[PDB]
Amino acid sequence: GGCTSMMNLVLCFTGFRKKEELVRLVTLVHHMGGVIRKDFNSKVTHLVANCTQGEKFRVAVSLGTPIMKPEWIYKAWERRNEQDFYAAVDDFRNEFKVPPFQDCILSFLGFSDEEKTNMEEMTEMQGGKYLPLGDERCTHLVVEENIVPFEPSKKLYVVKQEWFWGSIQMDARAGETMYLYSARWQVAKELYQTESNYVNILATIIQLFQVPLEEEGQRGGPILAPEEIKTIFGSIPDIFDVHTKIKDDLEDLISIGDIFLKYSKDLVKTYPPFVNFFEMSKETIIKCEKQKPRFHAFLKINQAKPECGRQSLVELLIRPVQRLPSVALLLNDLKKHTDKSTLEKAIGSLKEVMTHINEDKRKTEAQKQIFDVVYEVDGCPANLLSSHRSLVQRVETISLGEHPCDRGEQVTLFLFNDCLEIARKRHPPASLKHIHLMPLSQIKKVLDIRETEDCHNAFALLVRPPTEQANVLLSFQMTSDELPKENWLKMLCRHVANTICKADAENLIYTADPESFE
């Protein structure tokens, strides 16, 4: 079992000028049971490289085939008669891989001095070196070019940011050439569309993060220990299981309470174990993001994908923490806008599950601000307070157009993370009068209006309330100098998307100018 120490391996060599060293290596490989090809095909299992950047080297990088140091053969020969010793096992073999940035001179622009500092620590951590931008002695230029020249030297590689992170994750030099250069019926389909968007977001978490970290045979070995994967994700697949059932039954229905009354038994099982430890999840991710740089690259690569909508893994995990309150909010606006007994049974059990949520001190501060609105707004719906939501922004506004209140009427808007409270001034307790508590799901589009000075600081919302069976414009004029109109229109569209369960919020902003006056 030493003649089988390299058995079934196909080795190829590159960069050995002294033919006497090569013969010593070839001899040891044959005696350990490997075979050797002169030329490189897809069958070679390991390239043994004495030099980077040749023909065999560049091809091997493309195919992801391992690139080993000559010392690998010598240490394997030493340990070749240990019991069950096999030279290809990663834990023995990882130590002898050619480092990813071996003989690589890198250069970075488009990153803060704290981000650039990391990308230079890691460069030398991966056996590379970095020279100041523009240098003639550079082999690679790496730039977060989503910010999108100097140093157009012909030999150097101008690679996308992914080439850098991809090389740290795989723990091997990535290939450059791929990185270069019917009134209550309206409430029903609304609850359908958010449940289907919710499972797609869950499916995104499971398939772009959890499953890849659980796969066997990851390049460079496992990124995360099995314990620290369970802590982060926990019962997300189980949550995905219950809601896709909820989405299924709801879809073919097109009593709703019974639908939720059934899975309520399932609901209480899955959510508390994840929600209550959600803080530890956020801790572990940030800890591993710092301590474990392969996992840092993993997050850099995956969060850059359009299926994330420029959302972090963390702020993608927030959707389940906030999902059930939005369901209840659509359930209340469904029962009243409609045997209605079945529905009222579900809402009660739904807030019975929120009992199991041990509350952070940041949750007891959040509700202190929710109460300040129910106190001030006469007729403000009570269920606004019952849930675990938070006030995002208060904006003083003057109404325009017939809706939602008389034209010229002074209005105050309260943005919560999953609903918009609209309060009129009256014709400190009851300073404002309630008009409408709108689930953010009912906002179909947000409109920016240009500063023609025919109208100043104007915007509008395209909403589909279950009442009028069509879209309606809600025109408004900002009087709040606290925030620019765009910073709040961005704040609006983010949180509108967060409760629609679409990670991309930029599909909501539109700019126009004709309809509004003064």
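Sequential numbering from 1, following the sequence displayed.
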Inset, instruction - With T338 and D339 adjacent in the shown sequence, let me know how many deposited residues between them lack coordinates: none, 1 to 3, 4 to 9, or 10 or more. - result: 4 to 9
Legend entry - Count class of coordinate-free deposited residues lying between the neighbours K368 and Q369: none
Inset, instruction - Would you mind comparing 61-69 and 484-492 for me and telling me which has the higher average C-alpha temperature factor in the entry? - result: 484-492
Legend entry - Greater mean Cα temperature factor according to the PDB record, 296-304 or 258-266: 258-266
Inset, instruction - Sort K189, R323, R424, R79 by C-alpha B-factor from the entry and give me just the highest. - result: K189
Legend entry - Residue selected from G221, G348, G127, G175 by maximal Cα B factor: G348
Legend entry - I206 - Cα temperature factor, lowest/middle/highest third of chain: lowest
Legend entry - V275 - which third its CA temperature factor falls in, relative to the rest of the chain: middle
Legend entry - Assigned third (lowest, middle, highest) for the C-alpha B factor of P100: lowest
Inset, instruction - Taking the chain's C-alpha temperature factors as the reference, tell me which third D418 falls into: lowest, middle or highest. - result: lowest
Inset, instruction - Determine, from the deposited record, the chain-internal third of the Cα B-factor for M6: lowest, middle or highest. - result: lowest
